[PDB]
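Residue numbers (our numbering), protein chains in the order written: chain A, 2 to 50; chain B, -10 to 37; chain C, 0 to 162; chain D, 0 to 162. Virtual Cβ for every residue (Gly too), placed ideally from N, Cα, C. Below is one structure, written out as structure tokens; the observations come after it.
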């Protein structure tokens, strides 16, 4: 038979590569969303004059 | 050829009507001496 | 009388006539830090500072309009959204405001009468004259103006003349 | 000249110059129980108690806020947020407040007179001068102030020079 690249990756290790690498993207996008909401709320606060 | 002609005419006419509508929205706010654009229209029609 | 003289004192500083080859075709107003010029009037603004500035155009409201330099920003007119009925001022005497219509007793208003800012009982601009029609024994005008929201509103009667 | 006497007699106790090699660069202001000092002004506080502090930085609003000891919390400026249009009382005379902007007639305003408070007709600070730009015959100002919500707001015109 032929050894395909990513042939023996063992779904447990797919889960460890999905969580510890895709979850960090979830952390950085909720941080970016929180930063955007904070910037808009500061501009709304300084709309008051 | 007729599909490419209808596609080009449709994209050009839609872009022309979009530019007409963007000018017709942003024009009564750019003519004021303060030019205080409201925030929602500045988000939508890509104003200052 | 008395009303026209303080208006002349204001127009000597900030209202600038245009220079057609021998005569005056129209008047550029500097209000709020934004230079205004009517379209059908063609010529050159008297200031070499206000001549070099390229103007953006708004064909629905018949006015070229560019931004004034930073030094000139304090020496501009002021604008008012709120106008009650009664009497307002103008370079050629007085102007009546009734039912949202700036009207003028006839005999005055001809070619070369464009861009003159209608002032108020305080010294603030409420309208800009672009022309008018002779409504019998009293002529009405076709002005642009402003409202409470900040929206430039143009009113024009039937079959007006571009002065 | 009567309002300037009030400003000088209120600044004689509660305003401290920031001296670098003896030259005045700015003024620390003790308003509402908290020391204020701008960023770009270099030097030390004239008062010995206020100079031996740990001023927490706030780089956005061009301020370096601190806290006042309890024996000094009564010897502070009072302040407010309420600001109708009209005139206010600066160190060099009067200052116009129109359309949410403090304007001083020209000539005055150089390197050094930053951090000076703007007072009202009652004796309360409504703004702290940081810098400004000369718009021809009148100089707009870049100040910090407060509002009704209780939020510190900084206003900044275009191309302001740090004083």
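Exercise. Under the criterion of a Cβ to heavy atom distance below 8 Å, does residue 113 of chain D qualify as lining the ligand SAM?
Worked result: The ligand SAM is absent from the structure shown, which contains no ligand whatsoever.
Exercise. Whose CA, out of C/81, C/129, C/125, lies closest to the CA of residue 163 of chain C?
Worked result: Shown here, chain C extends from 0 to 162; a query on residue 163 of chain C therefore has no answer.
Exercise. Which bits of chain D does residue 4 of chain A rub up against, with CB to CB less than 7 Å?
Worked result: Within 7 Å Cβ-Cβ: nothing; residue 4 of chain A doesn't reach chain D, min ~57 Å.
Problem set entry | Start-end ranges of the beta strand (DSSP E) lying completely within the stretch 65 to 113 of chain D, minimum 3 residues | Fully enclosed beta strand (DSSP E) runs of 3 or longer: 85 to 89, 92 to 96, 101 to 104.
Exercise. What three-state label does DSSP hand residue 14 of chain B in the structure shown?
Worked result: Look at residue 14 of chain B here: in three-state DSSP terms it is helix.
Exercise. Chain C partners of residue 136 of chain D, CB-CB under 7 Å?
Worked result: What residue 136 of chain D touches in chain C: 73, 74.
For this session: Tell me where the alpha helix (DSSP H) around residue 10 of chain D begins and ends.
Result: Unbroken alpha helix (DSSP H) run through residue 10 of chain D: 1 to 13.
Exercise. Can you name the residues of chain D whose CB is closer than 8 Å to the CB of residue 69 of chain C?
Worked result: Correct list: 132, 134, 135, 157, 158.
Problem set entry | Interface partners of residue 49 of chain C on chain B, CB under 9 Å | Within 9 Å Cβ-Cβ: nothing; residue 49 of chain C doesn't reach chain B, min ~15 Å.
Exercise. Which of helix, strand or coil does DSSP assign to residue 137 of chain C?
Worked result: It is a strand residue.
For this session: Flag residue 21 of chain B as yes if its beta-carbon sits less than 9 Å from any beta-carbon of chain C, otherwise no.
Result: It does: the Cβ of residue 21 of chain B has a partner Cβ on chain C nearer than 9 Å.
Problem set entry | residue 28 of chain D: first and last residue of the uninterrupted alpha helix (DSSP H) it sits in | Counting along the chain, residue 28 of chain D falls outside any alpha helix (DSSP H), though it belongs to the beta strand (DSSP E) covering 22 to 30.
For this session: Could you give the DSSP three-state label for residue 123 of chain C: helix, strand or coil?
Result: The DSSP-derived three-state label of residue 123 of chain C is coil.
Exercise. DSSP beta-bridge partners for residue 19 of chain D?
Worked result: Residue 19 of chain D pairs with D/22.
Problem set entry | Contacting positions in the stretch 84 to 116 of chain D - beta carbon closer than 7 Å to chain A | Of all residues in the stretch 84 to 116 of chain D, those with a C-beta nearer than 7 Å to a C-beta of chain A are 99, reading in chain order.
Exercise. What does residue 128 of chain C reach in chain B if we use C-beta pairs closer than 7 Å?
Worked result: None at all; the shortest Cβ gap to chain B is about 16 Å.
For this session: Identify the continuous alpha helix (DSSP H) that holds residue 21 of chain A and give its terminal residues.
Result: Taken as a continuous stretch (DSSP letters only), the alpha helix (DSSP H) holding residue 21 of chain A covers 13 to 46.
Problem set entry | Neighbour-count burial assignment, residue 142 of chain C, 16 or more Cβ in a 10 Å radius | Result: buried.
For this session: Would you check if the distance between the CB atom of residue 89 of chain C and the CB atom of residue 123 of chain C is smaller than 9 Å?
Result: Cβ distance not < 9 Å, so residue 89 of chain C and residue 123 of chain C don't count as in contact.
Problem set entry | Test item: CB-CB of residue 154 of chain C and residue 106 of chain C under 9 Å | One thing to note: residue 154 of chain C has its Cβ no nearer than 9 Å to the Cβ of residue 106 of chain C.
Problem set entry | Beta-carbon proximity list for residue 15 of chain D, same chain, < 7 Å, skipping 5 on both sides | Excluding positions up to five away in sequence, the list reads 26, 27, 44, 45, 46, 49.
For this session: Measuring alpha carbon to alpha carbon, tell me which of D/86, D/70, D/31 ends up nearest residue 3 of chain D.
Result: Looking at D/86, D/70, D/31, the one whose alpha-carbon comes closest to that of residue 3 of chain D is D/86.
Problem set entry | Assigned secondary structure, residue 52 of chain C (DSSP; H/G/I helix, E/B strand, else coil) | Reduced to three states, the DSSP call for residue 52 of chain C is coil.
Exercise. What does a CB cutoff of less than 6 Å around residue 146 of chain D pick up in its chain, not counting 5 residues either side in sequence?
Worked result: Once the five neighbours on either side are set aside, the close Cβ partners of residue 146 of chain D are 80, 152.
Exercise. For residue 34 of chain D, does the three-state DSSP call read helix, strand or coil?
Worked result: When DSSP states are grouped into helix, strand and coil, residue 34 of chain D belongs to the strand group.
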